[PDB]
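This is structure-v3.cif. It holds mmCIF, C-alpha atoms and all ligand atoms.
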```
data_upload
#
loop_
_atom_site.group_PDB
_atom_site.id
_atom_site.type_symbol
_atom_site.label_atom_id
_atom_site.label_comp_id
_atom_site.auth_asym_id
_atom_site.auth_seq_id
_atom_site.Cartn_x
_atom_site.Cartn_y
_atom_site.Cartn_z
ATOM 1 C CA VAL M 3 3.267 -27.395 -5.682
ATOM 2 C CA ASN M 4 6.075 -26.001 -3.507
ATOM 3 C CA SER M 5 8.193 -27.238 -0.602
ATOM 4 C CA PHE M 6 6.569 -25.233 2.211
ATOM 5 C CA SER M 7 5.213 -27.602 4.868
ATOM 6 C CA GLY M 8 3.071 -27.340 7.995
ATOM 7 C CA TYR M 9 1.259 -24.087 7.155
ATOM 8 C CA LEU M 10 -2.345 -23.224 7.928
ATOM 9 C CA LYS M 11 -4.213 -21.848 4.909
ATOM 10 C CA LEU M 12 -5.901 -18.529 5.684
ATOM 11 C CA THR M 13 -7.019 -17.587 2.153
ATOM 12 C CA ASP M 14 -6.436 -18.626 -1.449
ATOM 13 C CA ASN M 15 -2.895 -17.202 -1.350
ATOM 14 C CA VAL M 16 -1.966 -16.505 2.321
ATOM 15 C CA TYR M 17 -0.577 -19.220 4.619
ATOM 16 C CA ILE M 18 0.705 -18.967 8.207
ATOM 17 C CA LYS M 19 2.903 -21.024 10.547
ATOM 18 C CA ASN M 20 4.599 -20.795 13.938
ATOM 19 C CA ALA M 21 8.229 -20.893 12.858
ATOM 20 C CA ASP M 22 11.595 -19.168 13.051
ATOM 21 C CA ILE M 23 11.973 -17.507 9.646
ATOM 22 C CA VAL M 24 15.732 -18.108 9.849
ATOM 23 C CA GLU M 25 15.267 -21.861 10.249
ATOM 24 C CA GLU M 26 12.444 -21.903 7.688
ATOM 25 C CA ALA M 27 14.580 -20.169 5.055
ATOM 26 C CA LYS M 28 17.519 -22.516 5.656
ATOM 27 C CA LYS M 29 15.221 -25.531 5.263
ATOM 28 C CA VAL M 30 13.209 -24.353 2.256
ATOM 29 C CA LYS M 31 15.779 -22.127 0.510
ATOM 30 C CA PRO M 32 12.905 -20.141 -1.028
ATOM 31 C CA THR M 33 13.245 -17.985 -4.098
ATOM 32 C CA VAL M 34 12.446 -14.924 -1.958
ATOM 33 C CA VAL M 35 12.755 -14.328 1.782
ATOM 34 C CA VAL M 36 11.408 -11.003 3.026
ATOM 35 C CA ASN M 37 13.432 -8.998 5.530
ATOM 36 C CA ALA M 38 11.816 -6.608 8.020
ATOM 37 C CA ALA M 39 14.196 -3.837 6.969
ATOM 38 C CA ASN M 40 14.670 -0.213 7.962
ATOM 39 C CA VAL M 41 15.480 2.586 5.519
ATOM 40 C CA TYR M 42 19.217 2.402 6.301
ATOM 41 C CA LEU M 43 19.373 -1.401 5.920
ATOM 42 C CA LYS M 44 20.972 -1.537 9.374
ATOM 43 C CA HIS M 45 20.119 -5.083 10.400
ATOM 44 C CA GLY M 46 20.604 -4.730 14.127
ATOM 45 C CA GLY M 47 17.713 -6.563 15.757
ATOM 46 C CA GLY M 48 14.382 -8.206 15.226
ATOM 47 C CA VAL M 49 13.935 -10.328 12.119
ATOM 48 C CA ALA M 50 16.623 -8.308 10.317
ATOM 49 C CA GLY M 51 19.233 -8.823 13.008
ATOM 50 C CA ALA M 52 18.505 -12.553 13.069
ATOM 51 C CA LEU M 53 18.588 -12.991 9.279
ATOM 52 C CA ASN M 54 21.822 -11.032 9.029
ATOM 53 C CA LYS M 55 23.425 -13.106 11.797
ATOM 54 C CA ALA M 56 22.534 -16.275 9.872
ATOM 55 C CA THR M 57 24.463 -14.894 6.854
ATOM 56 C CA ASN M 58 27.572 -14.307 8.996
ATOM 57 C CA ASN M 59 27.120 -10.521 8.407
ATOM 58 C CA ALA M 60 27.304 -10.868 4.594
ATOM 59 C CA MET M 61 23.821 -9.345 4.355
ATOM 60 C CA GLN M 62 25.043 -6.256 6.231
ATOM 61 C CA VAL M 63 28.174 -5.912 4.073
ATOM 62 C CA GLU M 64 26.086 -6.080 0.892
ATOM 63 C CA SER M 65 23.530 -3.674 2.369
ATOM 64 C CA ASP M 66 26.165 -1.087 3.294
ATOM 65 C CA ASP M 67 27.374 -1.040 -0.312
ATOM 66 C CA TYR M 68 23.763 -0.701 -1.516
ATOM 67 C CA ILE M 69 23.169 2.329 0.733
ATOM 68 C CA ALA M 70 26.494 3.934 -0.183
ATOM 69 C CA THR M 71 25.454 3.775 -3.846
ATOM 70 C CA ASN M 72 21.713 4.443 -3.671
ATOM 71 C CA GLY M 73 20.926 6.162 -0.379
ATOM 72 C CA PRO M 74 18.188 5.117 2.027
ATOM 73 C CA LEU M 75 14.991 3.370 1.076
ATOM 74 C CA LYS M 76 11.580 4.966 1.561
ATOM 75 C CA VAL M 77 9.253 3.859 4.338
ATOM 76 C CA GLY M 78 6.885 1.578 2.434
ATOM 77 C CA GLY M 79 9.595 0.773 -0.117
ATOM 78 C CA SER M 80 11.864 -2.156 -0.854
ATOM 79 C CA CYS M 81 14.916 -3.415 -2.667
ATOM 80 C CA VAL M 82 15.968 -6.840 -3.917
ATOM 81 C CA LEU M 83 19.376 -8.053 -2.756
ATOM 82 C CA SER M 84 21.034 -11.443 -2.425
ATOM 83 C CA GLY M 85 19.494 -14.122 -0.244
ATOM 84 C CA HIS M 86 23.000 -15.365 0.630
ATOM 85 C CA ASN M 87 22.798 -18.844 2.218
ATOM 86 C CA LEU M 88 19.107 -18.418 3.104
ATOM 87 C CA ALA M 89 17.284 -17.901 -0.216
ATOM 88 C CA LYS M 90 17.948 -16.927 -3.803
ATOM 89 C CA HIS M 91 16.907 -13.322 -3.118
ATOM 90 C CA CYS M 92 16.101 -11.200 -0.097
ATOM 91 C CA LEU M 93 13.347 -8.620 -0.542
ATOM 92 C CA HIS M 94 14.143 -5.936 2.036
ATOM 93 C CA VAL M 95 10.806 -4.254 2.821
ATOM 94 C CA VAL M 96 10.425 -1.225 5.089
ATOM 95 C CA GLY M 97 7.207 -1.224 7.057
ATOM 96 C CA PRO M 98 6.472 1.758 9.290
ATOM 97 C CA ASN M 99 8.074 1.617 12.740
ATOM 98 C CA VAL M 100 5.471 2.874 15.221
ATOM 99 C CA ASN M 101 8.206 3.329 17.816
ATOM 100 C CA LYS M 102 9.547 6.048 15.471
ATOM 101 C CA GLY M 103 6.145 7.692 14.919
ATOM 102 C CA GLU M 104 5.780 6.526 11.316
ATOM 103 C CA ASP M 105 2.413 6.469 9.558
ATOM 104 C CA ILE M 106 0.718 3.075 9.873
ATOM 105 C CA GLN M 107 -1.114 3.685 6.574
ATOM 106 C CA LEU M 108 2.238 3.008 4.868
ATOM 107 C CA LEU M 109 1.865 -0.646 5.884
ATOM 108 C CA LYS M 110 -0.319 -1.284 2.839
ATOM 109 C CA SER M 111 2.310 0.277 0.561
ATOM 110 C CA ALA M 112 4.934 -1.951 2.194
ATOM 111 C CA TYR M 113 2.925 -5.112 1.508
ATOM 112 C CA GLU M 114 2.343 -4.055 -2.127
ATOM 113 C CA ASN M 115 6.020 -4.840 -2.755
ATOM 114 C CA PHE M 116 5.205 -8.526 -2.249
ATOM 115 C CA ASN M 117 3.038 -8.512 -5.406
ATOM 116 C CA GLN M 118 6.175 -8.272 -7.562
ATOM 117 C CA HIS M 119 7.100 -11.855 -6.554
ATOM 118 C CA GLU M 120 5.069 -14.978 -7.247
ATOM 119 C CA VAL M 121 5.972 -16.751 -3.966
ATOM 120 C CA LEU M 122 7.564 -15.392 -0.773
ATOM 121 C CA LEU M 123 8.529 -16.460 2.735
ATOM 122 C CA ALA M 124 7.881 -13.478 4.984
ATOM 123 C CA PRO M 125 7.381 -12.191 8.525
ATOM 124 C CA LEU M 126 4.489 -9.931 9.441
ATOM 125 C CA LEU M 127 5.499 -6.405 8.468
ATOM 126 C CA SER M 128 5.736 -3.811 11.250
ATOM 127 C CA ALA M 129 5.245 -6.484 13.932
ATOM 128 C CA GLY M 130 7.689 -7.148 16.744
ATOM 129 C CA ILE M 131 10.065 -4.270 17.431
ATOM 130 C CA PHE M 132 8.401 -2.098 14.767
ATOM 131 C CA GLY M 133 5.539 -1.744 17.247
ATOM 132 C CA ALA M 134 2.424 -2.317 15.141
ATOM 133 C CA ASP M 135 -0.458 -4.614 16.077
ATOM 134 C CA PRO M 136 0.313 -7.998 14.444
ATOM 135 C CA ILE M 137 -3.409 -8.741 14.053
ATOM 136 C CA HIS M 138 -3.690 -5.574 11.968
ATOM 137 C CA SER M 139 -0.569 -6.467 9.989
ATOM 138 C CA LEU M 140 -2.038 -9.861 9.099
ATOM 139 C CA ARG M 141 -5.282 -8.204 7.967
ATOM 140 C CA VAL M 142 -3.421 -5.744 5.734
ATOM 141 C CA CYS M 143 -1.349 -8.610 4.333
ATOM 142 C CA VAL M 144 -4.416 -10.659 3.408
ATOM 143 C CA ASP M 145 -6.160 -7.619 1.906
ATOM 144 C CA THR M 146 -3.116 -6.422 -0.088
ATOM 145 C CA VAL M 147 -0.929 -9.338 -1.176
ATOM 146 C CA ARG M 148 -2.250 -11.293 -4.158
ATOM 147 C CA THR M 149 0.793 -13.502 -4.726
ATOM 148 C CA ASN M 150 1.510 -16.589 -2.630
ATOM 149 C CA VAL M 151 2.856 -15.638 0.793
ATOM 150 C CA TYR M 152 4.051 -18.015 3.512
ATOM 151 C CA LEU M 153 4.088 -16.158 6.824
ATOM 152 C CA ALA M 154 6.361 -17.219 9.678
ATOM 153 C CA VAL M 155 5.371 -16.038 13.163
ATOM 154 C CA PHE M 156 8.159 -16.752 15.673
ATOM 155 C CA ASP M 157 6.063 -16.424 18.849
ATOM 156 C CA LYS M 158 3.811 -19.439 19.439
ATOM 157 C CA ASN M 159 1.434 -17.516 21.701
ATOM 158 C CA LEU M 160 1.059 -14.780 19.084
ATOM 159 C CA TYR M 161 0.551 -17.361 16.334
ATOM 160 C CA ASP M 162 -2.355 -18.965 18.205
ATOM 161 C CA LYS M 163 -3.896 -15.534 18.751
ATOM 162 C CA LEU M 164 -3.477 -14.675 15.060
ATOM 163 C CA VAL M 165 -5.160 -17.915 13.982
ATOM 164 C CA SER M 166 -7.937 -17.821 16.564
ATOM 165 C CA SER M 167 -8.826 -14.188 15.810
ATOM 166 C CA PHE M 168 -8.600 -14.412 12.013
ATOM 167 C CA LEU M 169 -11.758 -13.374 10.198
HETATM 168 O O1 LIG M 201 6.584 -9.596 12.906
HETATM 169 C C1 LIG M 201 7.887 -10.116 12.879
HETATM 170 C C2 LIG M 201 8.364 -10.354 14.376
HETATM 171 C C3 LIG M 201 7.177 -10.946 15.240
HETATM 172 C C4 LIG M 201 7.412 -11.103 16.778
HETATM 173 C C5 LIG M 201 8.575 -11.703 17.312
HETATM 174 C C6 LIG M 201 8.743 -11.831 18.694
HETATM 175 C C7 LIG M 201 7.759 -11.374 19.562
HETATM 176 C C8 LIG M 201 6.624 -10.795 18.980
HETATM 177 N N1 LIG M 201 6.440 -10.660 17.637
HETATM 178 N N2 LIG M 201 9.627 -11.179 14.455
HETATM 179 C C9 LIG M 201 9.998 -12.411 13.843
HETATM 180 N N3 LIG M 201 9.098 -13.121 13.083
HETATM 181 C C10 LIG M 201 9.505 -14.319 12.506
HETATM 182 N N4 LIG M 201 10.702 -14.932 12.574
HETATM 183 C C11 LIG M 201 11.556 -14.186 13.338
HETATM 184 N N5 LIG M 201 12.867 -14.638 13.541
HETATM 185 C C12 LIG M 201 13.470 -13.655 14.360
HETATM 186 C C13 LIG M 201 12.565 -12.648 14.636
HETATM 187 C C14 LIG M 201 11.318 -12.953 13.999
HETATM 188 CL CL CL M 202 10.914 -8.486 15.680
#
```
Go through the file and emit its structure as structure tokens.
Amino acid sequence: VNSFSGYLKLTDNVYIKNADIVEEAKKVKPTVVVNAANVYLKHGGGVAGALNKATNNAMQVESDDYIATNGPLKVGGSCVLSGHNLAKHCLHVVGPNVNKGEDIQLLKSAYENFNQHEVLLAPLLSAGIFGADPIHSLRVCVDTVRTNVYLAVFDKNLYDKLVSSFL
């Protein structure tokens, strides 16, 4: 039993809700919140920009030190950093950004990072400003993640479409 509330159950381990991941994380304070990161951990917009804003830019400061030490992530890769005031940890995961021409096949590799954590609050990878089809992202999530994932979809219209079209 966990403290996530109001989710629709899609499979044994995947749940979905219309919610602002920022407000969800603040309410639940999960062990792991997933960020929709880019390889430079520049949290300018989308989910990343919103999560960073909620940390008063502390996420960006920590991320800049991470990059200065380690260099950029790989597309499909991840790193674990602090969750600041939002969660214990933030798993920064880089899905492919279609608006950069990146290979959509890497979306499965991106979701594989979730399997290293027993429970996660997450957005749909490569959705929104990363330009992938959210219906496809949900399918890859369900077919790749085996740990317990609580998906937050900010857009109510998109949420209803994701639920109604789910196979
Ligand atoms: O896929 C992730 C995208 C989905 C999206 C957003 C808007 C319009 C269309 N798609 N973004 C988010 N998801 C959950 N919480 C969020 N908080 C801020 C941004 C955000
Ligand atoms: Cl977005």
- Any chance you could work out the residue set of the PyMOL selection byres (((not hetatm)) within 6 of (chain M and resi 201)) here, as a ChimeraX atom specification? /M:22-24,48-49,52,125-127,129-130,154-157
- Expressed in Å to a single decimal, how great is the separation between atom CA of residue M:33 and atom CA of residue M:78?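 Between atom CA of residue M:33 and atom CA of residue M:78 the gap works out to 21.6 Å.
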- Query: Which one of M:21, M:50, M:124, M:36 sits closest to ligand CL 202 (chain M) if you count all atoms listed in the file?
  - Reply: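 Result for the nearest residue to ligand CL 202 (chain M): M:50.
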- Query: Of the residues M:153, M:35, M:64, M:51, which is the one nearest to ligand CL 202 (chain M), using all atoms listed in the file?
  - Reply: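 For ligand CL 202 (chain M), the nearest of the given residues is M:51.
In this comparison, which uses only C-alpha atoms, the residue of M:42, M:104, M:97, M:34 approaching residue M:117 most closely is M:34.
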- Task: Give the answer as one residue: which of M:164, M:12, M:147, M:39 has the shortest atom-to-atom distance to ligand CL 202 (chain M), using all atoms listed in the file?
- Result: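 The answer is M:39, which sits nearest to ligand CL 202 (chain M).
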Please enumerate the residues selected by the PyMOL selection byres (((chain M and resi 43) around 12) and not hetatm) when evaluated against the supplied file, formatted as a PDB file with C-alpha atoms, keeping the file's coordinate frame.
```pdb
ATOM      1  CA  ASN M  37      13.432  -8.998   5.530  1.00  0.00           C
ATOM      2  CA  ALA M  38      11.816  -6.608   8.020  1.00  0.00           C
ATOM      3  CA  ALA M  39      14.196  -3.837   6.969  1.00  0.00           C
ATOM      4  CA  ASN M  40      14.670  -0.213   7.962  1.00  0.00           C
ATOM      5  CA  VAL M  41      15.480   2.586   5.519  1.00  0.00           C
ATOM      6  CA  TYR M  42      19.217   2.402   6.301  1.00  0.00           C
ATOM      7  CA  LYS M  44      20.972  -1.537   9.374  1.00  0.00           C
ATOM      8  CA  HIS M  45      20.119  -5.083  10.400  1.00  0.00           C
ATOM      9  CA  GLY M  46      20.604  -4.730  14.127  1.00  0.00           C
ATOM     10  CA  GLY M  47      17.713  -6.563  15.757  1.00  0.00           C
ATOM     11  CA  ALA M  50      16.623  -8.308  10.317  1.00  0.00           C
ATOM     12  CA  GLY M  51      19.233  -8.823  13.008  1.00  0.00           C
ATOM     13  CA  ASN M  54      21.822 -11.032   9.029  1.00  0.00           C
ATOM     14  CA  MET M  61      23.821  -9.345   4.355  1.00  0.00           C
ATOM     15  CA  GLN M  62      25.043  -6.256   6.231  1.00  0.00           C
ATOM     16  CA  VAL M  63      28.174  -5.912   4.073  1.00  0.00           C
ATOM     17  CA  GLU M  64      26.086  -6.080   0.892  1.00  0.00           C
ATOM     18  CA  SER M  65      23.530  -3.674   2.369  1.00  0.00           C
ATOM     19  CA  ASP M  66      26.165  -1.087   3.294  1.00  0.00           C
ATOM     20  CA  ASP M  67      27.374  -1.040  -0.312  1.00  0.00           C
ATOM     21  CA  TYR M  68      23.763  -0.701  -1.516  1.00  0.00           C
ATOM     22  CA  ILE M  69      23.169   2.329   0.733  1.00  0.00           C
ATOM     23  CA  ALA M  70      26.494   3.934  -0.183  1.00  0.00           C
ATOM     24  CA  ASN M  72      21.713   4.443  -3.671  1.00  0.00           C
ATOM     25  CA  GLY M  73      20.926   6.162  -0.379  1.00  0.00           C
ATOM     26  CA  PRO M  74      18.188   5.117   2.027  1.00  0.00           C
ATOM     27  CA  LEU M  75      14.991   3.370   1.076  1.00  0.00           C
ATOM     28  CA  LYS M  76      11.580   4.966   1.561  1.00  0.00           C
ATOM     29  CA  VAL M  77       9.253   3.859   4.338  1.00  0.00           C
ATOM     30  CA  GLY M  79       9.595   0.773  -0.117  1.00  0.00           C
ATOM     31  CA  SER M  80      11.864  -2.156  -0.854  1.00  0.00           C
ATOM     32  CA  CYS M  81      14.916  -3.415  -2.667  1.00  0.00           C
ATOM     33  CA  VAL M  82      15.968  -6.840  -3.917  1.00  0.00           C
ATOM     34  CA  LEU M  83      19.376  -8.053  -2.756  1.00  0.00           C
ATOM     35  CA  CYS M  92      16.101 -11.200  -0.097  1.00  0.00           C
ATOM     36  CA  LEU M  93      13.347  -8.620  -0.542  1.00  0.00           C
ATOM     37  CA  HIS M  94      14.143  -5.936   2.036  1.00  0.00           C
ATOM     38  CA  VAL M  95      10.806  -4.254   2.821  1.00  0.00           C
ATOM     39  CA  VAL M  96      10.425  -1.225   5.089  1.00  0.00           C
TER      40      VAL M  96
END
```
- For the file shown, what are the residues hit by the PyMOL selection byres (((chain M and resi 7) around 12) and not hetatm), laid out as a list in words?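 That selection, the PyMOL selection byres (((chain M and resi 7) around 12) and not hetatm), comes back as residues 3, 4, 5, 6, 8, 9, 10, 11, 17, 18, 19, 20, 21, 26, 27, 29, 30, 123, 152, 153 and 154 of chain M.
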- Task: Can you work out the spacing between atom CA of residue M:99 and atom CA of residue M:121 in Å, to one decimal?
- Result: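 Calculated distance between atom CA of residue M:99 and atom CA of residue M:121 is 24.9 Å.
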